[PDB]
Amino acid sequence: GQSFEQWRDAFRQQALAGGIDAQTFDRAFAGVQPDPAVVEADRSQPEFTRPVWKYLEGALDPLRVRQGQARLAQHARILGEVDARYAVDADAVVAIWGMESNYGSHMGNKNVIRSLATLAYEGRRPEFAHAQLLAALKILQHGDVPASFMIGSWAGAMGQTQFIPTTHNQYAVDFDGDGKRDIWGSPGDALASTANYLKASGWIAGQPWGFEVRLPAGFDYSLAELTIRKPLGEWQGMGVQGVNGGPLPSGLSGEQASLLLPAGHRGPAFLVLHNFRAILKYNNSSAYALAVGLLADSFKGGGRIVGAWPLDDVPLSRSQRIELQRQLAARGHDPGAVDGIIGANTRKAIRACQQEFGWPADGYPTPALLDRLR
């Protein structure tokens, strides 16, 4: 519709046909008008971004480590019961909780119905918004939370877990008691729901998400790529060692693993296992899943990185990622569609380009590489 009212009146029909009670809709939409801060966040294609280095210093702030240790002690009975019942490690659940909402304290400020209506009406990704808005009305209909406290982030990620509405509907859990899957006010529900999703996402209890490794010299950096998986024994068989030299964890010999270089060949290296992929389903950013893994390790005093972070290391803005893709295509190394997104297709082109220069083929775009291309 042209006006918000027109869009709303039209969407009301679709909600009714999909099972929303008329009074659910009207309590949900009472007071609702488009929210320009949500339109701006949706339009923000973050030019200046990361580096993973900075992002990790946020994630792993000792304030958040210690608050996470307090939460583990404060909710230990509940966490024992979740860990036991879902076969998901308490440390991983608490780490996700810290990453997503700082253990309940930064859940976000926006009404989920308003945010998702705004994005359905005038956002870049209206089909997502429509789908999530409908699912969100079902949640209000079932009674998990009153409309007024249905809070979350500008994109509709809700409560303490930052579930989107369709994920809530399929994975949220009522840990007590009371008929409500309340991921907003109930730590029990929230911890149990995160665990449930992690378990559904492949989590194996007691198994490490990954660990830092030492790469031997003149290592083939081509194999650093999450689409490439090899057994731990076979990485040991190309010389990948524990982080202070020596063997890799025994018993894991057959675990599929990938090699992760979040700051290229001069930064630290990690082998990441199945549980890292579980985390990626929760949030499909390798920087996030690494943060999560290290935060969880930090609650027990681990999470320490042996290899230094490159001092140079400056993240490419959205503009210069697009420029890099264009310069790549112009030298015969095709990155695919010029989308400003360094995926597996671009990395493949970065690597062929790095090889042509005699550089290590980590597939990690640097400001220095963008210079050689001019």
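One-based numbering along the sequence shown.
In this crystal structure, the stretch out of 89-97 and 261-269 whose C-alpha atoms carry the higher mean B factor is 261-269.
Note on 218-226 vs 183-191: mean CA B-factor is higher in 218-226. Within the group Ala120, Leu79, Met238, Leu290, the record's highest C-alpha temperature factor is found at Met238. The residue among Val38, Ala28, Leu63, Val338 whose C-alpha carries the highest B-factor in the deposited model is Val338.
Split the chain's modelled residues into thirds by C-alpha temperature factor. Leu72 is in the middle one. When the modelled residues of the chain are ordered by C-alpha B-factor, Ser201 sits in the lowest third.
Per the deposited record, the Cα B-factor of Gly210 falls in the middle third when ranked against the other modelled residues of its chain. Among the modelled residues of its chain, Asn244 has a C-alpha B-factor that falls in the highest third according to the deposited record.
Among the modelled residues of its chain, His142 has a C-alpha B-factor that falls in the lowest third, as given in the PDB entry.
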